[PDB]
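Shown next, in structure tokens, is the structure this report addresses.
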Amino acid sequence: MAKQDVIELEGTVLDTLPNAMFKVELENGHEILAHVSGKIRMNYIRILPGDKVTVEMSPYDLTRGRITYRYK
């Protein structure tokens with residue numbers, strides 16, 4: 001949405017990182033280090049390279065994010 005608090009972006013994950021980290025590339029082709037939300041850590045709703053995921057990130061960051069939604 002249009003916000004000034006959190007920027008909601010999507011990206012496509014290419015690589016799997018250890019410790020709930022993921023290497024995801026934004027729609028713009030930018031690299032971001034992502035973190036899956038606690039629900040994805042606890043619940044087997046795993047992210048696979050090639051998946052498109054919704055990353056929430058701060059306007060002061062845009063290089064690190066956190067995923068709450070995986071595209072289904």
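A note on labels: chains of the structure tokens are A, B, ... as shown, every chain counts residues from 1, and ligands are counted from 1 in their shown order.
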
Name all residues at most 12 Å from residue 9 of chain A (count only C-alpha atoms; drop same-chain ones fewer than 5 positions away) and give them as a PyMOL selection string. chain A and resi 1-3+24-30+32+34+52-59+62-70

Given only C-alpha atoms as the basis, pick out the residue of A:50, A:41, A:5, A:31 nearest to residue 18 of chain A. A:41

Return as a PyMOL selection string the full set of residues in chain A whose backbone-based DSSP assignment is strand (DSSP E). chain A and resi 7-16+21-26+31-36+52-57+64-70

Just the selected residues (N, CA and C atoms), exported as a compact mmCIF listing (two decimals), in the first residue's frame, please.
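And here's part-v3.txt as it stands now:
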# COMPACT_ATOMS: atom_id res chain seq x y z
N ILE A 7 7.17 -0.16 4.35
CA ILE A 7 7.00 -0.28 2.94
C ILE A 7 6.80 -1.74 2.65
N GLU A 8 5.74 -2.03 1.97
CA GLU A 8 5.36 -3.38 1.68
C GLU A 8 5.74 -3.66 0.25
N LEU A 9 6.65 -4.57 0.07
CA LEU A 9 7.20 -4.88 -1.23
C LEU A 9 7.18 -6.37 -1.41
N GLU A 10 7.28 -6.82 -2.61
CA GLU A 10 7.43 -8.22 -2.83
C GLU A 10 8.76 -8.50 -3.46
N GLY A 11 9.13 -9.73 -3.47
CA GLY A 11 10.33 -10.12 -4.09
C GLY A 11 10.32 -11.58 -4.40
N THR A 12 11.29 -12.00 -5.12
CA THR A 12 11.43 -13.37 -5.49
C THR A 12 12.70 -13.89 -4.85
N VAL A 13 12.60 -14.97 -4.15
CA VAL A 13 13.74 -15.52 -3.46
C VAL A 13 14.52 -16.45 -4.35
N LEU A 14 15.80 -16.25 -4.40
CA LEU A 14 16.65 -17.07 -5.24
C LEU A 14 17.44 -18.07 -4.42
N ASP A 15 17.86 -17.68 -3.23
CA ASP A 15 18.76 -18.54 -2.46
C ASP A 15 18.24 -18.71 -1.05
N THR A 16 18.59 -19.82 -0.45
CA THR A 16 18.19 -20.14 0.90
C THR A 16 19.34 -19.86 1.85
N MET A 21 16.96 -16.90 7.53
CA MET A 21 17.32 -15.86 6.59
C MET A 21 17.07 -16.36 5.19
N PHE A 22 16.74 -15.49 4.31
CA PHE A 22 16.59 -15.83 2.91
C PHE A 22 17.14 -14.73 2.07
N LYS A 23 17.70 -15.08 0.94
CA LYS A 23 18.20 -14.09 0.03
C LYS A 23 17.17 -13.88 -1.02
N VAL A 24 16.55 -12.77 -0.95
CA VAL A 24 15.45 -12.47 -1.82
C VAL A 24 15.78 -11.25 -2.65
N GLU A 25 15.34 -11.24 -3.86
CA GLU A 25 15.48 -10.10 -4.69
C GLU A 25 14.15 -9.46 -4.92
N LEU A 26 14.09 -8.18 -4.66
CA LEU A 26 12.87 -7.38 -4.83
C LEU A 26 12.42 -7.36 -6.28
N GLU A 31 18.71 -6.67 -4.06
CA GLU A 31 19.01 -7.74 -3.19
C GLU A 31 18.60 -7.35 -1.79
N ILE A 32 17.96 -8.24 -1.12
CA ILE A 32 17.55 -8.01 0.22
C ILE A 32 17.76 -9.27 1.03
N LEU A 33 18.06 -9.09 2.27
CA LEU A 33 18.18 -10.20 3.13
C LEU A 33 16.92 -10.26 3.93
N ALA A 34 16.29 -11.35 3.86
CA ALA A 34 15.00 -11.48 4.41
C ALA A 34 14.99 -12.39 5.59
N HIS A 35 13.99 -12.22 6.39
CA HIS A 35 13.74 -13.01 7.53
C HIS A 35 12.34 -13.48 7.42
N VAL A 36 12.10 -14.71 7.65
CA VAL A 36 10.75 -15.18 7.65
C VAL A 36 10.14 -14.91 9.00
N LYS A 52 7.66 -16.20 -4.75
CA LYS A 52 7.44 -14.79 -4.68
C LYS A 52 6.85 -14.53 -3.30
N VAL A 53 7.44 -13.65 -2.55
CA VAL A 53 7.01 -13.41 -1.19
C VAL A 53 6.84 -11.93 -0.90
N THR A 54 5.99 -11.64 0.05
CA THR A 54 5.70 -10.29 0.45
C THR A 54 6.57 -9.93 1.66
N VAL A 55 7.42 -8.95 1.46
CA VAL A 55 8.37 -8.53 2.44
C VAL A 55 8.00 -7.14 2.99
N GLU A 56 7.99 -7.03 4.28
CA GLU A 56 7.74 -5.78 4.92
C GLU A 56 9.09 -5.21 5.33
N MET A 57 9.33 -3.98 4.98
CA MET A 57 10.59 -3.34 5.26
C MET A 57 10.45 -1.88 5.58
N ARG A 64 17.00 -5.16 4.17
CA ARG A 64 16.60 -6.22 5.06
C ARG A 64 15.10 -6.20 5.18
N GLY A 65 14.50 -7.36 5.20
CA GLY A 65 13.08 -7.41 5.34
C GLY A 65 12.61 -8.59 6.15
N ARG A 66 11.31 -8.74 6.24
CA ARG A 66 10.66 -9.78 6.99
C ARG A 66 9.40 -10.19 6.20
N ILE A 67 9.25 -11.48 5.97
CA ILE A 67 8.14 -11.99 5.17
C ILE A 67 7.00 -12.51 6.03
N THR A 68 5.83 -12.00 5.77
CA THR A 68 4.63 -12.48 6.41
C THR A 68 3.75 -13.29 5.47
N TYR A 69 3.90 -13.05 4.18
CA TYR A 69 3.07 -13.72 3.22
C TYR A 69 3.91 -14.28 2.10
N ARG A 70 3.61 -15.48 1.74
CA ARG A 70 4.19 -16.10 0.59
C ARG A 70 3.10 -16.18 -0.43

Taking the DSSP secondary structure from the backbone, can you list the residues of chain A that are helix (DSSP H, G or I), as a list in words?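 The residues of chain A classed as helix (DSSP H, G or I) are residues 38, 39, 40, 41 and 42 of chain A.
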
So that I have them on file, write out the residues from the current selection with N, CA and C atoms, as a short mmCIF file (atom, residue, chain, number, x, y, z; two decimals), in the first residue's frame.
data_model
loop_
_atom_site.label_atom_id
_atom_site.label_comp_id
_atom_site.auth_asym_id
_atom_site.auth_seq_id
_atom_site.Cartn_x
_atom_site.Cartn_y
_atom_site.Cartn_z
N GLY A 38 7.91 -15.34 12.42
CA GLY A 38 7.83 -16.42 13.37
C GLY A 38 6.83 -17.50 12.98
N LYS A 39 5.82 -17.15 12.16
CA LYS A 39 4.83 -18.13 11.79
C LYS A 39 5.40 -19.08 10.75
N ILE A 40 6.32 -18.61 9.95
CA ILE A 40 6.94 -19.42 8.91
C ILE A 40 8.07 -20.27 9.53
N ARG A 41 8.56 -19.82 10.65
CA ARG A 41 9.58 -20.55 11.36
C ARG A 41 8.89 -21.72 12.09
N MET A 42 7.79 -21.43 12.78
CA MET A 42 7.05 -22.44 13.55
C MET A 42 6.22 -23.37 12.66
#
